[PDB]
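Visitor: next input, structure requested:
(one chain, ligands or ions: 1)
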Amino acid sequence: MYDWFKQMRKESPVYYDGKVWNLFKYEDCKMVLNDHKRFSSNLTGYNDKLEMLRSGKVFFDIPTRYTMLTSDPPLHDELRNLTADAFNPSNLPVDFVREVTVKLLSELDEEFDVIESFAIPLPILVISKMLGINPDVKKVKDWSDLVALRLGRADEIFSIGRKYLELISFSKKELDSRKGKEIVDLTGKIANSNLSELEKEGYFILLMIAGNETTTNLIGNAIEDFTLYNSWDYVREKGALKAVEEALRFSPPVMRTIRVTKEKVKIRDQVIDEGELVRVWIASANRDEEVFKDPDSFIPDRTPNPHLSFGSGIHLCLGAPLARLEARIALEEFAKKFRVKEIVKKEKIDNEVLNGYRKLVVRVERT
Ligand code: HEM
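Guide: Numbers count the residues shown, from 1 in each chain. You can find the structure just below:
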């Protein structure tokens with residue numbers, strides 16, 4: 001789609017596709033993301049029925065409609081503050097991340113799929129630790145995909161089934177079991193907060209799912225990019241701090257996000273009415289030639305590197321510090337342990353929003 005993006009950036013940067021407005025230019029995307037007053041995230045009615053929720057009124061709905069991701073301040077800020085400290089660099093479980101990474105890599109043969117054997121389990125084990133739940137990896141992965149793989153698919157991520165009910169019941173079981181028992185981990189903090197049961201479930205589910213899906217894509221995308229563009233020696237000698245940022249820019253785990261206008265606005269020469277949906281194409285913004293010279297070139301030491309892969313503004317990814325830490329440790333440990341001979345087989349995830357490999361088989365040599 002990068003060709004489409006390039007074609008759209010030059011001839012129709014602010015484009016209406018018949019249902020929603022699409023932004024392909026970096027500056028337009030950054031502006032929209034930072035301007036939360038005019039471009040709301042209140043896309044699921046969370047802010048509107050907050051009063052109803054806190055009153056004690058119970059109605060059947062899917063928890064995922066009630067998370068900080070789709071809320072405007074002050075509610076948004078109040079929600080984020082509940083767990084924000086736990087995601088600050090100084091509080092991340094650094095040793096645990098490294099320990100799990102090394103053990104996962106110890107179980108590998110000269111040829112393996114880095115997605116199922118490494119990229120998938122690492123984030124799941126780490127977020128489970130922070131949540132304080134005992135990680136049934138396969139189960140958590142299945143639920144994560146159940147929710148994540150519905151993104152882009154019109155109104156399905158809010159549709160419920162047997163597997164979704166299983167997820168909601170698990171969230172309720174975990175939360176209820178920690179209510180009145182502990183507030184040391186994320187589950188306990190949510191459970192003992194003053195939010196409605198439905199909000200607690202959504203908050204818990206958000207942290208568990210957003211906590212691994214995109215990080216798996218980042219690690220897999222980076223292993224692919226570093227191999228293809230021969231960045232491994234650079235990472236072994238300099239570390240992966242800048243390389244991870246280029247991987248984020250070049251292969252964004254999340255291709256786009258969305259907002260809804262709260263008032264009539266004008267972007268470039270286009271007038272957009274109140275209540276209209278606006279797709280912010282992070283992927284296209286990251287390849288905007290204006291902002292990124294040699295946009296299609298993978299330059300691991302690109303500096304500075306202001307990509308929008310984690311968003312921008314008040315919704316800037318709460319897990320950004322954690323994701324970068326996991327990716328940095330995963331890739332540096334991988335580089336130290338293996339010499340990638342070749343990418344044997346690769347298969348992309350079929351989704352419009354999530355960008356990554358569902359299978360990436362590599363042949364390596366010890367050292
Ligand atoms: C690993 C690659 C990741 C990427 C590329 C990514 C990207 C993003 C983006 C773009 C947003 C904002 C979406 C919007 O503005 O509508 C967001 C929000 C959020 N992310 Fe991530 N994320 C990643 C990992 C994680 C992880 C690991 C966690 C938790 C472990 C996490 C927790 C959250 C939360 C809670 C929000 C909501 C923030 C709020 O609305 O203020 N993310 N992420």
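Visitor: make it CA atoms for all contacts and neighbour counts henceforth
Guide: OK.
Visitor: residues touching the residue of the stretch 51-200 of the chain at minimum distance from the ligand, list them.
Guide: Closest to the ligand within the stretch 51-200 of the chain is residue 69: 3.6 Å, counting by C-alpha to the nearest ligand atom. Listed by C-alpha atoms under 8 Å, 6 or more residues apart in numbering, the contact partners of residue 69 are 41, 76, 315.
Visitor: most neighbours among those residues, which one?
Guide: residue 41 (26 neighbours; other C-alpha atoms under 10 Å).
Visitor: is that residue in contact with residue 275, as I believe?
Guide: No: counting by C-alpha atoms under 8 Å, residue 41 does not reach residue 275; the two are 11.4 Å apart.
Visitor: nearest residue to the middle of the protein?
Guide: residue 214 (4.2 Å; C-alpha atoms, centre = their mean).
Visitor: now the common contact residues for residue 41 and residue 275.
Guide: Counting by C-alpha under 8 Å, 6+ apart, the contacts common to residue 41 and residue 275 are residue 260.
Visitor: quick check, the residue nearest to the centre of the chain in contact with residue 354.
Guide: Yes: counting by C-alpha under 8 Å, residue 214 does reach residue 354; the two are 7.5 Å apart.
Visitor: kindly point out which residues are neighbours of both of those two.
Guide: By C-alpha under 8 Å, 6+ apart, the residues touching both residue 214 and residue 354 are 253, 254.
Visitor: sec struct for residue 130, please.
Guide: helix (DSSP: H, G, I helix; E, B strand; the rest coil).
Visitor: ok, it - how many residues close by?
Guide: 19.
Visitor: try residue 22
Guide: 21.
Visitor: other residues contacting the host helix or strand of it?
Guide: Element membership for residue 22, per DSSP states H and E: strand 21-23. Applying C-alpha under 8 Å, 6+ apart, the external contacts of strand 21-23 come out as 13, 14, 15, 16, 29, 276, 277, 278, 279, 280, 281.
Visitor: would you mind listing what in the stretch 1-150 of the chain touches the ligand?
Guide: 68, 69, 127 (C-alpha under 6 Å from any ligand atom).
Visitor: ignoring the adjacent residues along the chain, who's closest to the first one?
Guide: So that's residue 68. residue 76 (5.3 Å; C-alpha to C-alpha, 6 or more residues apart in numbering).
Visitor: show me what counts as buried in the helix or strand where the one you found lies.
Guide: Using DSSP H and E, residue 76 sits in helix 75-81. Neighbour-count burial for helix 75-81 flags 76, 79, 80 (criterion: 16 or more other C-alpha atoms under 10 Å).
Visitor: which residues sit against that helix?
Guide: Under C-alpha under 8 Å, 6+ apart, the answer for helix 75-81 is 47, 68, 69.
Visitor: hmm, 7 Å instead?
Guide: For helix 75-81, the surrounding residues in contact (C-alpha atoms under 7 Å, 6 or more residues apart in numbering) are residue 68.
Visitor: how distant is it from the center of its chain?
Guide: With C-alpha atoms, centre = their mean, to the nearest Å as the basis, helix 75-81 stands 18 Å off its chain's centre.
Visitor: could you dump it to CSV, C-alpha only?
Guide: Presented in CSV, the C-alpha positions along helix 75-81 are these (Å, rounded to 0.1, in the frame of the first residue of the first chain):
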residue,chain,number,x,y,z
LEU,A,75,-12.0,10.9,32.1
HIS,A,76,-9.1,9.8,29.9
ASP,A,77,-6.5,11.4,32.3
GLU,A,78,-8.2,9.9,35.3
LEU,A,79,-8.1,6.4,33.8
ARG,A,80,-4.5,6.6,32.7
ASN,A,81,-3.3,8.0,36.0
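Visitor: so for the helix or strand following it, what gets flagged as buried?
Guide: Using DSSP H and E, the helix or strand that follows helix 75-81 towards the C-terminus is helix 94-106. Of the residues in helix 94-106, 97, 98, 100, 101, 102, 104, 105 count as buried by neighbour count, 16+ other C-alpha under 10 Å.
Visitor: ok, then the element right after the helix or strand containing residue 339?
Guide: Counting by DSSP H and E, the element that carries residue 339 is strand 338-348. Next along the chain after strand 338-348, taking DSSP H and E as the criterion, comes strand 357-366.
Visitor: pretty sure residue 71 sits against residue 44.
Guide: No: checked against C-alpha atoms under 7 Å, the pair residue 71 and residue 44 is beyond contact range at 8.2 Å.
Visitor: between the two, which has more neighbouring residues?
Guide: Per other C-alpha under 10 Å, whichever of residue 71 and residue 44 has more neighbours is residue 71, with 24 against 16.
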